[PDB]
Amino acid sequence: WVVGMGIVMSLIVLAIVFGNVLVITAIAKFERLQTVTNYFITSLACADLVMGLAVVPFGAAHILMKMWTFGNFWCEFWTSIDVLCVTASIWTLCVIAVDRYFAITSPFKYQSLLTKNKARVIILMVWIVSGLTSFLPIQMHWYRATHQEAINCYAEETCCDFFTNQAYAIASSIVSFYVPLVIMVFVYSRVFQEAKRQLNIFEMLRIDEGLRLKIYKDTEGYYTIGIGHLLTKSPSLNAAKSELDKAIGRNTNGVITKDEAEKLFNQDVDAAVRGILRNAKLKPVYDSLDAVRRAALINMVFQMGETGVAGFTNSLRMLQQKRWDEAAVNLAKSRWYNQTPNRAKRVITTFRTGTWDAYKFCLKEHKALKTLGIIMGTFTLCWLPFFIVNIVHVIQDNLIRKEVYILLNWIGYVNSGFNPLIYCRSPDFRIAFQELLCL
């Protein structure tokens, strides 16, 4: 039996040390990844590497030998490192949560206000103040119980069980774990409530149309560029480049920069907007509508044009009478729905509900924020049960088996391995692991 547990614990160390050295490396080697956010991810990663190299392995021998075969000085140091890694890991997570907040309520949506050099200072501090609070109590012995079982364990060098007093237990938990946890969950629930709130026409058309900086063919077969900017219906590729160079104002050779796709895009959206106000059949509907349904209208006119969207004679009349569901059935009865299936579905849903729900997590910068959520969410699942139990042991010390304590603690330990897997959501990371691994 015990041989079976050794493999598990051995396998587990390897994954933490493989997985995280890989994350640290990626970020260290590929400029594309050197960002404020991924600098904190490095801070997390290291926490886990120290967890995997210096904590988990000795925890593992502790169990199987049923004793502490490593001496007093280490035991003390081993426990202070253990605390350090969890303390630093929640505070980093919390600090990411606050960074993404200030980033998303700025007009530089999605970018950190922090510069790189400031990113490093925060991290140093988070580690120093984590370090002092994690090492001092343990070394200065402020953590020590005064009952017979505990004073006996402190003397025995083969004994290294985590006996502490309750003023240490409750204080440290709160300042080290509950405080930053509660702020993380609270602040980062607001980051989602903002991603959704600040969805607008531009991001919606960005999700629906995508982005291509070369010349390509839409489903009709016509020549398009940018965020769905149409150039010419004629099947002549030079006619495409003819209109492009015209539309930009330079020699282009069938290729354009992002600071030109965006300024074409903003003329196409203004074009669509002026079309709705110019056209008699559309204008009166558009004024009845709220901001979110108005976006759904502009989307349509982007795709078909004023003429075409005016043709939906029934659907428009209903929309104006706020009869959302009926009119959503008409728009399903359309050449439009048939040709482009998904785009239609998402647009109609917006008319239907008056909410951005169909574009939940569709934008790339929002998928980036979901991934960040999971890293947080998973910490909370993996460590919280243990930290509640550590606190329900202080109110009635006769209530939870040491076998339960060790299990729940090791769920903590096993959380260090999950962050790297979760990063294989990001393409930026998925490619970085690949070059590194030599796949």
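Note that residue numbering follows the sequence shown and begins at 1.
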- Higher of the two mean Cα B-factors (370-378, 385-393; per PDB record) comes from 385-393
- Task: Look up the CA B-factors in the entry and say which stretch, 315-323 or 342-350, has the higher mean.
- Result: 315-323
- C-alpha B-factor winner, where the candidates are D99, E194, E156, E203: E156
- Task: Could you check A54, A26, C46, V404 and tell me which one carries the biggest Cα B-factor in the deposited entry?
- Result: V404
- Task: Taking the chain's C-alpha temperature factors as the reference, tell me which third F70 falls into: lowest, middle or highest.
- Result: highest
- Message: Test of reading the entry: by CA B factor among the chain's modelled residues, which third contains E220?
- Response: highest
- Item | CA B-factor ranking of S176, expressed as a third of its chain | lowest
- Item | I63, C-alpha B-factor rank within chain (lowest, middle or highest third) | middle
- If you rank the chain by CA B-factor, which third does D82 end up in: lowest, middle or highest? lowest
